[PDB]
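Asker: One structure coming up, written as structure tokens, with questions to follow.
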Amino acid sequence: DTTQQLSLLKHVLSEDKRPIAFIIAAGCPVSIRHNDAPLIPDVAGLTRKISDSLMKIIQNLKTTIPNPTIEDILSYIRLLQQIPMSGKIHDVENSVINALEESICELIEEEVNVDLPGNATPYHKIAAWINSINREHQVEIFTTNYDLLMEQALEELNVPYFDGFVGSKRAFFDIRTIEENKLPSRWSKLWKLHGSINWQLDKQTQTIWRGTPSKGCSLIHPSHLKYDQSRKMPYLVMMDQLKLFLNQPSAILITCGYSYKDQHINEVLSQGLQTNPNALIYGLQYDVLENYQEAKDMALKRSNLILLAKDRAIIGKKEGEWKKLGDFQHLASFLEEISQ
Amino acid sequence: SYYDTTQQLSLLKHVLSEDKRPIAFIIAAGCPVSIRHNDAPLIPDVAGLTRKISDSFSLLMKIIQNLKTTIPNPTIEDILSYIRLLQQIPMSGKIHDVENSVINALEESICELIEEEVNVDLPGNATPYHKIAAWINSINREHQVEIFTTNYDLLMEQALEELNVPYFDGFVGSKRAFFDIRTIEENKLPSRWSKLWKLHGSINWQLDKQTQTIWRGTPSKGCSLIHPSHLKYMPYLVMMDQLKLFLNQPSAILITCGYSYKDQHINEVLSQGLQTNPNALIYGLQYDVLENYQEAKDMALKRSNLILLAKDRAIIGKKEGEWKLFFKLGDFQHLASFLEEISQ
Amino acid sequence: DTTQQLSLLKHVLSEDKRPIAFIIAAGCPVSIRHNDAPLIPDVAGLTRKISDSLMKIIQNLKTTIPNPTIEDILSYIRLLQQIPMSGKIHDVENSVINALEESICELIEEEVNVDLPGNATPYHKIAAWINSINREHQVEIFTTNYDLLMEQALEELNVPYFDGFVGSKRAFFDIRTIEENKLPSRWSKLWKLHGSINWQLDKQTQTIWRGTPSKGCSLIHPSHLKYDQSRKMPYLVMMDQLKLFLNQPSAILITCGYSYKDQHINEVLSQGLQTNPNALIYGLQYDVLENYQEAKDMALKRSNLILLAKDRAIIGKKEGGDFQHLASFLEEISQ
Amino acid sequence: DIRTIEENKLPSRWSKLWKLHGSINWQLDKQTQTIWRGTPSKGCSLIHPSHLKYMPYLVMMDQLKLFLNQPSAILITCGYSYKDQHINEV
Amino acid sequence: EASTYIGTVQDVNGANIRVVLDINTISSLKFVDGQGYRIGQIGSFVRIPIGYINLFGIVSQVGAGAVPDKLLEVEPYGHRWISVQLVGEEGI
Amino acid sequence: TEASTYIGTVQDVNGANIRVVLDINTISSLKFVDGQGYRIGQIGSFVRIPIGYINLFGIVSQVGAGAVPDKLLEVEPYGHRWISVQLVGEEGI
């Protein structure tokens, strides 16, 4: 029954012991509505916003790819601009690919620059719950979004957090302090895998510094050359920190809004689940259970993964059935009730 | 009655070469003066700033004469304090007999002028600040080196970023960078991480709305909390407490460069710390004749564990004496070169 | 209904091993009747009495502020005092300010110099209830009144109390007694946020020595200069002690007559509520529940905040008073 | 196998032979999308220097870096031209 | 304790004192009103005040050579003892 | 932690006869420094003792059970990791 699952989750998460971590996908801004409209729409919303904003590339990729997203388009544009004479596909005198890249990048940065509403935000409830627990095992948060909403709310709640960058308006990328891990217990870690809207590269070298949002320029979906390594690291070290948290004794993990559509994430989570049998994952789905074939396959393969959706509840690599927590506001309310 | 420069230099070299004993610093307005990009220094001194305010702006000059009746030649801090006091009283415009809102316009104008004058970048990698930053990274000390500054610019921050020097100034956050006060007193910071405190504030301070929560970030137009202490009913108090607490550490050493000891609260705190802890040592470094510093000589006569270094005078252990001008360490660049040579 | 939280408060009073305290406002002595009249005049009554004894400054302050209180008037007078040539702001000849403040201080001095009545005072009942409990957790009470009625009540039953001061007619301010906080559990502690007419400063240095009430000078509403490296006239030490008491293991605390009209107190209360999750404030409201907007906002923001009023009760951030009645209830619970 | 490489409890006598660029007996069968080693087939190979498949290459590079972190480690290079960039940086 | 303080006498053999360096180690500077003197050097002098007059002595051995027998058996990892040899004294 | 060119710590002084305990965990053979192979303390080799700003030099005179102090042999007779160093000169500023 659902009630037994909820009670077990309450008495395993609310208990102070194993470390806690969350993953936040692009679906979280969908569940918050401002002026009867979502604050930030889904990925498809941004895609057809760009579309209504040169379809040739779109149908060129459509020949071998299904309905695309922005990340594929920008990766294709980057792959084009690696080649010097890349215009043979589209006319000559290369300017469109560049102009398209800037136009889309500042368009996205303008679309995402949104201010959080008042004190009713569920992020405030999550931050309050985080401040309500003083366990030695701190809570590290992984996000696939691009906005500043979560850390904005956390700062509005007066709580510390470390995101791998230290300094000022020209803060560099701290690298070693990531893996000495010599940080206060009260501090928490925030990792954004796909990047932020304020990171900017440098002409001298790959600095990926964090500070005041650079005019127009921004770094989204890191996929450039990685031969140099060390510099332009955050992507690899983000996955590395994810893998280290997946390993080690950690009998707790929560998911929220993840669509299980990332190959680089599905593979690493499967590897961690296979390597660590003691750890458990509580992946959810704010949709019908049938929309996630990859999640169903992962649940069938690895028993440690627990998949729950509106349609039914897959427990122990076996399909179940009912006889509420999908809503993210409902999730925040449940967290507040558990804390209180 | 006669002192040898080489003995003191060797003593300082032995002191800095130590690792476990805590070290600190004070960077005053006289340090950026010793670095020049144009013919003039990249940042003027306090007297230069006062002169620029005076000649850049009969009603305006009344305030300067009004304060001079009970005090010596007014400075930037005195003028700003007087403007703050005037804004504290609602109907305070009758003293200057100029409406009741021109004070706010003057405050905005002077704040904008100060921000424009101070928001400068230090050119070249050969600056003494970079040398100090490199010296900090040279020796992996058991206790990190703290830095106290009373300036308004961000030269130290930029120098620290340029050489990849981690630090922590009491502010955590990427967008708003709210002031975290529990982690300061908890003090379980990373061992390698250094600390930097700006006692008089800088251009990155902005005051919020009625919430009044303090935050740091990109400076905004018509807003700069460069006020030295201003008033309240606060970061300044906890910073003073941090300095006093550090001064009580066993065998602690504090080094001052470019500081004229003109302030009163700082001198009182230093005297209280020196009296409380009999093992602390302070190196007072000057770049002038000691006769200019009455408060410094009074404190050096009162206290026994205070050492003063001037161009032609020195007071050691309550016994004023003469050198064997001399003591070229008073200049900031020479101190940086000494530190770099010690590290190498 | 009411029986629920009545039994709850009785049980938590019966729950030992946790510290207890109370907050005394101006309402509790005002509601005390002496000769069919209030023992201490209210804030409105005090302002009316002051006005009974140069309203240009009041009119100027009324432009940006509603009907003020004595604290605002005295703060404005002092603020003009620090400014040397502040007389030109309001007329001329800035000597009326000193005479006006001296007269106001004198008027307040003989206004609050009222002796406590006989054994019928509920203060005696509160002291007896406190002394009847042998719990190791001492009770520290902070008040806002400018009198010493509670001092007389506590001294009438030979109950040990400490107000941060000790000595004689020139008793000084022992600073580190709060620092190490090493006192016997039998003793109790007292703090006056705004002070009484007992404290008086010194000309040579800011010593705010306590002793026999000096003629002319009295210390009230500490807001003077704090550039003397503390110990000048510190209410900050009392605020820090309150913060420390909020930082110890969580306990449910009550208050009497608080109007939630102190921004400095409200800010530290919110900070303590945020820092300590289980911290509970049992502040009541001997008036209409809609007359306390700040209390309702605090209850809505802080779930642990508990608010009770004559017409309603805000429990668990959801809406749903006499000092003598509280004293009688405590006495009944003690037996 | 990926667990036994990183747990590193192997017999002290057993040697190790890591291939940083793959060999001719490495084949990808697709379908299940799993890498396996077996008989050298005709045409099917995994010659890739680095590839961009959705990886053993990073595992071997991490193994090399981990070995270089051991106390008092010695590494002899013979026949290397140093024209590679990833190996030089590592 | 007051400045110019080193340790405590823990042995006496007529004219060969054995002294224990105190727990506040790692310092090895012991600043005294400006200049600091390294603690327990070979040629340095020490002073032992007894009531009204002071006893002076010269260090001769530093380290494991000065510690007594039983302490080494108790713990061989601790060598914070010095061997002071008396020289003279200062009267009233 | 400890930088390269590290051998041990002084544990006994007798005027001009220093005794040093080797703090190397094991493998007293070819401690590589600056790509050149130097050996752990040997009879004909020198050592350097830095004091703040000047470096004292010395020469090894005895290695093994001879350099062990007086009663350390009495406490344990099977421990031999000491060397005896005699000071020679110093390098100034």
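Counting neighbours? That spans all protein chains shown, and the Cβs are built from the backbone with ideal geometry, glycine included. Only the coordinates and a few stated rules stand behind these numbers; no lab work does.
Asker: Determine the alpha carbon to alpha carbon distance for each of B:297/B:324; B:195/B:318; B:13/B:131; C:17/C:182; A:125/B:221 and list only those over 22 Å.
Answerer: Correct reply: B:195/B:318; A:125/B:221.
Asker: Looking at B:261, B:215, B:234, which one has the Cα that reaches farthest to the positive end of the dipole of segment B:207-326 (charges on Cβ: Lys, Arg +1; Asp, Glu -1)?
Answerer: My answer, from the dipole projection, is B:215.
Asker: Sticking with this structure for a sec: For chain E, modelled as a GNM with alpha-carbon contacts under 10 angstrom, which of E:77, E:37, E:52 fluctuates the most?
Answerer: Among E:77, E:37, E:52, the largest mean-square fluctuation in the Gaussian network model of chain E belongs to E:52.
Asker: Would you list which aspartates and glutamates come within 14 Å of residue B:328, measuring only between C-alpha atoms, while excluding same-chain residues fewer than 8 positions from it?
Answerer: Straight-line reach from residue B:328, under 14 Å: B:4, B:288, B:312.
Asker: Turning to a different aspect of this structure: Given charges of +1 on the Cβ of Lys and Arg and -1 on the Cβ of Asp and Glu, with all other atoms neutral, how large is the dipole of segment B:73-145 about its Cα centre, in debye to the nearest 20?
Answerer: The dipole of segment B:73-145 has a size of about 420 debye.
Asker: Amide H of residue E:48 versus every other amide H placed in the peptide plane: which residues, excluding those fewer than 5 positions away on the same chain, fall under 5 Å?
Answerer: The answer is E:55, E:56.
Asker: Can you sort D:82, E:5 from fewest to most other Cβ atoms within 10 Å of each residue's own Cβ?
Answerer: D:82, E:5
Asker: How far is the Cα center of segment F:17-93 from the Cα center of segment D:5-42, in Å?
Answerer: Centre-to-centre (Cα) distance: 49 Å.
Asker: Something else now. Mind checking which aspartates and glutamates have their Cα closer than 20 Å to the Cα of residue A:56? Skip sequence neighbours fewer than 8 apart in that chain.
Answerer: Qualifying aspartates and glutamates at Cα under 20 Å: A:71, A:72, A:91, A:93, A:101, A:102.
Asker: Oh, and also: Would you mind giving the mean number of other chain beta-carbons within 10 Å of the Cβ of each residue in C:79-88, as a whole number?
Answerer: What the average comes to for C:79-88 is 4.
Asker: Considering every Cα-Cα pair within segment C:38-92, what fraction, in whole percent, is farther apart than 16 Å?
Answerer: 47 percent
Asker: Roughly how many whole Å is it from the C-alpha centroid of segment C:224-269 to that of segment A:322-340?
Answerer: Value for the Cα centre distance between the two parts: 37 Å.
Asker: Classify segment B:152-198 as rounded, prolate or oblate, taking a ≥ b ≥ c as the square roots of the eigenvalues of its Cα gyration tensor: rounded when a/c is under 1.5, otherwise prolate if a/b is larger than b/c and oblate if not.
Answerer: It is oblate, given that a/c is not under 1.5 and a/b is not larger than b/c.
Asker: Hey, another quick one. What is the distance in Å between the Cα centroid of segment B:47-125 and that of segment B:174-220?
Answerer: Answer, in whole Å: 26.
Asker: Using θ = phi - 60° and the Karplus curve 6.51 cos²θ - 1.76 cosθ + 1.60, what whole-Hz ³J(HN,Hα) does each residue of segment C:28-45 get, with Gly and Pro shown as x?
Answerer: 4, x, 5, 6, 6, 9, 10, 6, 6, 10, x, 5, 10, x, 6, 5, 5, x
Asker: Further question on the same structure: With +1 on the Cβ of every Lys and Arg and -1 on the Cβ of every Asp and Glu, and nothing else charged, how large is the dipole of the protein assembly as shown about its Cα centre, in debye rounded to the nearest 20?
Answerer: Charge dipole, the protein assembly as shown, about its Cα centre: 2900 debye, nearest 20.
Asker: For segment B:289-344, would you read off the P(r) tail past 20 Å as a percentage of all alpha carbon pairs?
Answerer: Tail fraction, whole percent: 34.
Asker: Per-residue HN-Hα couplings for segment E:54-62, Karplus 6.51 cos²θ - 1.76 cosθ + 1.60 at θ = phi - 60°, whole Hz, x for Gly and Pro?
Answerer: For segment E:54-62, the Karplus curve yields 10, 10, 9, x, 10, 5, 10, 9, 9 Hz.
Asker: Per DSSP helix of 4 or more residues, -39500 (n - 2.57); summed, then divided by the residues of the protein assembly as shown. What does that give at 222 nm, rounded to the nearest 500?
Answerer: That calculation yields -10000 deg cm²/dmol at 222 nm.
Asker: Next question. Mind checking the dipole of segment C:248-335: about its Cα centre, +1 per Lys or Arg Cβ, -1 per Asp or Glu Cβ, Debye to the nearest 20?
Answerer: Result for segment C:248-335 is approximately 360 debye, rounded to the nearest 20.
Asker: How would chain C be classified by its alpha-carbon gyration tensor: rounded, prolate or oblate, with rounded meaning a/c under 1.5 and the a/b versus b/c comparison settling the rest?
Answerer: Verdict is prolate for chain C.
Asker: A further question on this structure: Hey, could you pull the Cα Rg and Dmax for segment B:1-129, both in Å?
Answerer: Cα radius of gyration and Dmax of segment B:1-129 are 21.3, 63 Å respectively.
Asker: Report, ordered by chain and residue number, the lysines lying within cross-link reach of residue F:71, taken as a straight Cα distance under 29 Å and ignoring same-chain residues fewer than 8 apart.
Answerer: Once the sequence-local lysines are set aside, what remains near residue F:71 is E:70.
Asker: How many percent of all Cα-Cα pairs in the protein assembly as shown sit more than 54 Å apart?
Answerer: Above the 54 Å cut-off, the protein assembly as shown has 40 percent of its Cα pairs.
Asker: Roughly what would the spin-label model give for residue F:27 and residue F:57, points 7 Å off Cα along C-beta, in nm?
Answerer: Taking the two extended label points, one gets 3.0 nm.
Asker: On to the next question. How high is the relative contact order of chain F, in percent, counting Cα pairs under 8 Å that sit 6 or more residues apart?
Answerer: Contact order relative to length: 28 percent.
Asker: With θ taken as phi - 60° and the coefficients 6.51, -1.76 and 1.60, list the Karplus ³J(HN,Hα) couplings across segment E:38-51 in order, rounded to whole Hz; mark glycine and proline as x.
Answerer: Result, rounded to whole Hz: 4, 7, x, 7, 5, x, 6, 9, 9, 10, 10, x, 10, x.
Asker: Taking 37 °C and 0.692 mPa s as the conditions, I'd like the Stokes-Einstein D for segment A:163-317 in µm²/s, using the Kirkwood hydrodynamic radius from alpha carbon pairs.
Answerer: Using the Kirkwood radius from Cα pairs, D works out to 186 µm²/s.
Asker: Could you bin all the Cα-Cα distances of segment A:188-232 into 5 Å bins starting at 0 and give me the percent of pairs in each, rounded to whole numbers?
Answerer: Taking all Cα pairs of segment A:188-232, the binned fractions are 5, 19, 30, 28, 13, 5, 1 percent.
Asker: Could you tell me which of rounded, prolate or oblate describes chain E, using a ≥ b ≥ c as the square roots of the eigenvalues of the alpha-carbon gyration tensor, with rounded for a/c under 1.5 and, failing that, prolate when a/b is larger than b/c and oblate otherwise?
Answerer: It is oblate, given that a/c is not under 1.5 and a/b is not larger than b/c.
Asker: Another question about this same structure. Which of the residue pairs A:88/A:226; A:203/A:226; A:49/B:175; D:16/D:65 have a Cα-Cα distance greater than 18 Å in the structure shown?
Answerer: Going by Cα-Cα distance, A:88/A:226; A:49/B:175 fall outside the 18 Å limit.
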